[PDB]
Amino acid sequence: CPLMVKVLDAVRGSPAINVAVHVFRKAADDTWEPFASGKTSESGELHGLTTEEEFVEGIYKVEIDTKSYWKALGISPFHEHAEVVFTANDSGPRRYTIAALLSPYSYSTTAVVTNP
Amino acid sequence: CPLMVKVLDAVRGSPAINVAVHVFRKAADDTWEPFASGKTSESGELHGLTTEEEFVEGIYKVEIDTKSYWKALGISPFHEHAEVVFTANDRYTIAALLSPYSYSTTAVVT
Amino acid sequence: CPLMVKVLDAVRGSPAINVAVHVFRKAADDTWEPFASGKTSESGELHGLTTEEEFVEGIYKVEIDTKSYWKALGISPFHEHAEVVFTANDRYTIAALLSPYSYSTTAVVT
Amino acid sequence: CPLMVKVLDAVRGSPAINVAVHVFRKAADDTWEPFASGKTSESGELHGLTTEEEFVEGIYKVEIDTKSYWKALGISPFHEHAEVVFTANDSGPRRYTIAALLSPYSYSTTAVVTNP
Ligand SMILES: Cc1nnc(-c2ccnc3ccccc23)[nH]1
Ligand SMILES: Cc1nnc(-c2ccnc3ccccc23)[nH]1
Ligand SMILES: [Ca+2]
Ligand SMILES: [Ca+2]
């Protein structure tokens, strides 16, 4: 799994479950093209987005649907989403974990990049 | 003063100075219209972006050029930028704390 | 103004108002001597804690009473408090962003 | 494992490896007593601190030695440590993950609490 996403909820102290995640890749023409999508599991983790073959060099955007997450819990959140945009695999293939921690008016994100 | 951006550096323990910030408003065709821009000051703050009459309800995007910031300090960064997207509903401070492989953002709405 | 504390609320998107803050300095016997205290203001800030002559080099602890803060809002919190411990070496802002099960802290030293 | 600690490095985008962690429990007399200690692994994780039998109700303090971590990397950090202090198991046994994200002048911490 060269790309994994993990989401936590800072209000409840829990994994953020059933969070939709959409991944895009910048095309030659500078537009965002769909790349992969999925939803977090009961552990707040999303595996299986992509493969070593499909996850080529490029500029990727990981868009985490924070707004729907909070709205489902009955809460009115501030942000439309949380996005992470980065260049991947420039110096050869790497594994990337994008982690996010969510509150209604705030989020943080970190990347863990490892060399297979 | 309806909209202010404040940027902090978690590596140096300082304001993030001379950070480029561009603000956009979402247009009816779902594209992003330029709205405001500037560079953070010596205090890491960017004031004077808009006025009450100009800042209508809508979806706004604050694009912070974190990559140029880190490169100007000689530090290797992960992100292309940090973009913060929110709805304004009828004073907003967008605050960001930057590290090379992470960022945090909060809204202070008073 | 050598020492300021600023507290923000990530749930409400606001300053964290009326938060109790106690500052201590580490004594030669490794116990903690009271140094300063106060409650954050309407802006989430606590100024006027010390003076330049009083704030000598040493190890300082800033204890923020996050549990009382959350309970006064009717919200169930994880932590007993948030304590931030650092060395002052010859202006410091200790900033904290609070959530019920998490907190973040940074130092702005100028 | 009722108590786990995970540490990440926000500068390098990596697990924070070889971080010392000391856990204390408040005694009857209101002092901190040693409870357990260990160091993070190559994954930035510390397992095996305690057991279901030993991890009784109480007020616990998890002290993460951030200062030594940065100093070993040749960096002068701001904080002496990062601590997390919480009441555990008050409404019955729970599993607790304390996660921390480190930068030289900043840290964040979150708790993930689950019901076995
Ligand atoms: C998953 C996961 N493992 N550690 C974290 C984490 C902890 C503290 N602060 C954060 C801020 C941003 C993203 C993750 C984190 N998340
Ligand atoms: C002052 C001041 N205005 N914003 C912070 C802030 C913003 C985002 N994330 C955080 C994480 C930790 C501490 C402060 C912050 N500090
Ligand atoms: Ca290349
Ligand atoms: Ca009990």
Side-chain angles (χ1 to χ4, degrees), chain A residues 4 6-11 13-17 40-41 43-45 47 97 99 101 112, chain C residues 66-67 76-83 85 99-103, chain D residues 2-9 14-25 27-38 40-41 43-69 72 79-90 92-94 96-102 107-116:
Chain A
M4 193 267 270
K6 189 174 184 132
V7 192
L8 299 179
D9 178 328
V11 171
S14 69
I17 75 170
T40 64
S41 75
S43 67
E45 304 193 350
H47 295 92
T97 295
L101 177 65
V112 182
Chain C
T66 57
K67 192 183 182 175
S76 183
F78 178 73
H79 302 94
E80 291 295 292
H81 41 68
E83 300 190 352
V85 184
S99 301
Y101 280 67
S102 181
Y103 65 90
Chain D
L3 178 65
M4 193 267 270
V5 181
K6 189 174 184 132
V7 192
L8 299 179
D9 178 328
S14 69
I17 75 170
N18 295 325
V19 176
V21 181
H22 289 81
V23 188
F24 306 87
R25 182 184 175 278
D29 73 357
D30 244 38
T31 62
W32 290 111
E33 285 180 331
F35 180 81
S37 69
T40 64
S41 75
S43 67
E45 304 193 350
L46 169 50
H47 295 92
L49 281 162
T50 193
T51 64
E52 295 195 20
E53 288 75 28
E54 178 181 80
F55 188 52
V56 292
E57 291 192 76
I59 302 174
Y60 291 84
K61 169 160 59 158
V62 174
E63 188 178 281
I64 304 170
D65 180 16
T66 61
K67 184 182 188 177
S68 299
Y69 175 75
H79 300 97
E80 287 297 294
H81 59 75
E83 70 177 61
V84 179
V85 184
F86 62 103
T87 302
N89 310 124
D90 213 349
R94 300 287 184 278
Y96 296 86
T97 295
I98 301 306
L101 177 65
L102 307 185
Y107 60 88
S108 63
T109 190
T110 200
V112 182
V113 184
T114 63
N115 194 335

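The figures that follow rest on heavy atoms only: side chains count, while hydrogens, waters and symmetry mates do not. Order of the sequence lines fixes the chain letters, A, B, ..., with proteins taken first and strands second; residue numbering starts at 1 for each chain.
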Item to check | Which residues share a salt bridge (charged side-chain N to carboxylate O under 4.0 Å, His left out) with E63(D), sequence neighbours left out | outcome: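 Result, salt bridge (charged side-chain N to carboxylate O under 4.0 Å, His left out) vs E63(D): none returned.
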
Taking all non-hydrogen atoms of both residues, which atom of [X] and which atom of [Y] are closest, and how far apart?
X: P15(A); Y: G44(A); result: CB-N, 3.5 Å
X: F55(D); Y: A88(D); result: CZ-CB, 3.7 Å
X: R25(D); Y: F35(D); result: N-CB, 4.0 Å
X: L49(D); Y: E54(D); result: O-OE1, 4.1 Å
X: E52(D); Y: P2(D); result: N-CG, 4.0 Å
X: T110(D); Y: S102(C); result: OG1-CB, 3.4 Å

Side chains of [X] and [Y], heavy atoms from C-beta outward: is any pair under 4.5 Å?
X: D65(D); Y: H22(D); value: no
X: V85(C); Y: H79(D); value: no
X: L3(D); Y: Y60(D); value: no

Checklist entry - Among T50(D), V5(D), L46(D), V62(D), whose side chain to side chain contact (heavy atoms under 4.5 Å, CB included) with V23(D) holds? => result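 It is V62(D), the one option of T50(D), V5(D), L46(D), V62(D) that forms the side chain to side chain contact (heavy atoms under 4.5 Å, CB included) with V23(D).
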
Checklist entry - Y69(D) and side chain to side chain contact (heavy atoms under 4.5 Å, CB included): which partner among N18(D), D9(D), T40(D), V7(D)? => result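 In the set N18(D), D9(D), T40(D), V7(D), the residue that makes a side chain to side chain contact (heavy atoms under 4.5 Å, CB included) with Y69(D) is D9(D).
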
Checklist entry - Step by step, would you call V113(D) with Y101(C) a side chain to side chain contact (heavy atoms under 4.5 Å, CB included)? => result CA-CA 9 Å; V113(D) 184; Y101(C) 280 67; 3.9 Å; yes

Just verifying a value: how many Å separate [X] [atom1] and [Y] [atom2], rounded to the nearest 0.5 Å?
X: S14(D); Y: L8(D); atom1: OG; atom2: CG; value: 7.5 Å
X: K6(A); Y: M4(A); atom1: NZ; atom2: CE; value: 6.0 Å
X: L101(D); Y: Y107(D); atom1: CG; atom2: OH; value: 12.5 Å

Checklist entry - In chain order, what residues pass the side-chain hydrogen bond (donor to acceptor under 3.5 Å, both in side chains) check against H81(C), with sequence neighbours excluded? => result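 If we apply the side-chain hydrogen bond (donor to acceptor under 3.5 Å, both in side chains) test to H81(C), skipping adjacent residues, the hits are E83(C).
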
Next on the checklist: Angle between ring planes, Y96(D) versus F78(C), binned at 30° and 60°: parallel, tilted or perpendicular?
Outcome noted: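 It falls in the tilted class, 30° to 60°.
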
Checklist entry - Is there a donor-acceptor contact under 3.5 Å from the side chain of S37(D) to the main chain of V21(D)? => result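 Not confirmed, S37(D) side chain does not pair with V21(D) backbone.
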
